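Below sits a lone chain in structure tokens, taken as the form deposited in one PDB entry.
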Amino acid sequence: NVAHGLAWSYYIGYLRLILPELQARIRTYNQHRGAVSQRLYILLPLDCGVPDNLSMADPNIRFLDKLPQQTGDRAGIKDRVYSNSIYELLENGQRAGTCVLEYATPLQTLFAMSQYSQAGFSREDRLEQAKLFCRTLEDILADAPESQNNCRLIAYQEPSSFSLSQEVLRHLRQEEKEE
């Protein structure tokens, strides 16, 4: 049940420090083309396949720019930088949305752990732990609307023809339906 600790680490050491400041950074970018959505969209692939370049996971997800970096002193590191990337979502050659998009990195940690023999984490427990991570993280944000309003969890499982851009657009449009 390592996924439980990674979910809490994900919130304590990240979501709870950037999301209270995200709207400010979003509106700052729009001021100083297209309107960036005001939520952090977090990709939770249950197969734990976490590429580093989204464009390689789906060409329709096209990097646009970066937000204004957030900084802060943490654990003896001066000016620890929290940066986020803005992606355009394409659909049949058209820009259907623009949002701050990224994977949940701890799912990449789960994947790596399953390969290290010293970690005592079997390759078979990847899916189960990924789901415990999603469930735990969802339960955490349910008790912190400050952060829940600032992000949407996009958990998915590829069966083999899958569209990641279409998966994001579904959440991005259901959010605009209640805007």
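Just so we're on the same page, rigid core means the largest C-alpha set that superposes within 1.5 Å between forms. So that there is no doubt, residue numbering starts at 1 and follows the sequence shown.
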Residue 160 coordinate gap across at least a third of other entries: yes
Is there a break between residue 159 and residue 160, and how many deposited residues does it span: none, 1 to 3, 4 to 9, or 10 or more? 1 to 3
If you take the mean CA temperature factor per stretch, which one wins between 165-173 and 8-16? 165-173
Higher avg CA temperature factor (39-47 vs 144-152, as deposited) belongs to 144-152
Determine which member of 32, 62, 135, 126 has the highest CA B-factor, using the values in the deposited entry. 32
Within this chain's modelled residues, let me know which third the CA B factor of residue 109 belongs to: lowest, middle or highest. lowest
When the deposited Cα B-factors of this chain's modelled residues are ordered and cut into thirds, is residue 131 in the lowest, the middle or the highest one? lowest
Chain thirds of CA B-factor: placement of residue 119: lowest
Against its chain's modelled residues, does residue 139's Cα B factor rank lowest, middle or highest third? lowest
Splitting the chain's C-alpha B-factors into thirds, which one does residue 94 fall into? lowest
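Below, we refer to the form deposited in another entry, which is not included among the displayed structures.
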Which residue, chosen from 142, 119, 127, 56, moves its CA by 2 Å or more between this form and the one not shown under a rigid core superposition? 119
